[PDB]
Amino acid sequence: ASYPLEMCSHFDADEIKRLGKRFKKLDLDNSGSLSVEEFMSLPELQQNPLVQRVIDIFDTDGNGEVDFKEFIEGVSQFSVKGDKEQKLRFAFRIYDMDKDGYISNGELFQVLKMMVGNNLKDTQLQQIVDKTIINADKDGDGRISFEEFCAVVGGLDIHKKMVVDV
């Protein structure tokens, strides 16, 4: 009889139970945590360039794996009940690698590089990164806050795509 897990999410008891079943089946060695290697054992994830970024965001305690609390709170960002700001903040977090709350030049480059590969020259990519920052940086520190990020993309309605059924 272990201690209750505490979490915050949009899910009712039934949904948490169903997610629990998925968690267990994903947890191959049954350690109660989810390793990178366990995520990668799903062939459909092997060519997805954002997998490690998603895992980093889910792993809020930073021990390199995703436990059940983190799994629930991660998936909850994609609940149909989640708001625009929530989906957008998750998107912001894809770019914000070191999690300090500001997208920097180097991070924007690196994350774009993960997605673009060799479709652009490094010089080209640096130039569009530079201009994106300049155009979106409203207080002149050279990096992009969440507020400045939303002012740019909040009209795109991408949040309406970031939704899964559980």
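Residue positions are given as counts along the sequence shown, with the first one as 1. Only the largest set of C-alpha atoms that superpose within 1.5 Å between the two forms is called the rigid core.
- Per-stretch RMS Cα distance to the displayed form in 8 other deposited structures of this protein, following rigid core alignment, is highest for 118-126 when 118-126 and 66-74 are compared.
- Remark: stretch with higher mean C-alpha B factor among 38-46 and 98-106 is 38-46.
- Averaged over CA atoms, B-factors in the entry run higher in 149-157 than in the other of 149-157 and 13-21.
- Residue-level temperature factors show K121 in the middle third of its chain, judged at the C-alpha atom.
- Looking at the C-alpha B-factors along this chain, the one for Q127 belongs to the lowest third.
- Annotation for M115: C-alpha temperature factor in the middle third relative to the rest of the modelled chain, per the entry.
- Ranked within its chain, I133 lands in the middle third, by CA B factor from the PDB record.
- When the modelled residues of the chain are ordered by their C-alpha B factor, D27 lands in the middle third.
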